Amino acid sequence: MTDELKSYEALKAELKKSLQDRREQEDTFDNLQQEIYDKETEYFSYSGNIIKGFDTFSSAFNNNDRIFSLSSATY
């Protein structure tokens, strides 16, 4: 019956680790969206984009055009 006690010791350690993993994922997620928001600002504010189009060789950047940030309901 000690095997059943070792399974309990194993599952606790596995749950120690998955909780630590969850926090890391939660933490890196928060960084990315800020990075996404910051990169939208550095790049979009020849003048071709994915926002406007590429064929310029023949109106401004509203926050309604932040299509990458607006793809997350958290933002």
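Residue numbers here begin at 1 and follow the sequence given.
The entry shows a gap from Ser45 to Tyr46, with 10 or more unmodelled residues of the deposited sequence in between. Deposited sequence between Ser58 and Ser59: 4 to 9 residues lack coordinates.
The mean C-alpha temperature factor is higher for 1 to 9 when 64 to 72 and 1 to 9 are set side by side. Sort the modelled residues of the chain by CA B factor and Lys16 lands in the highest third.
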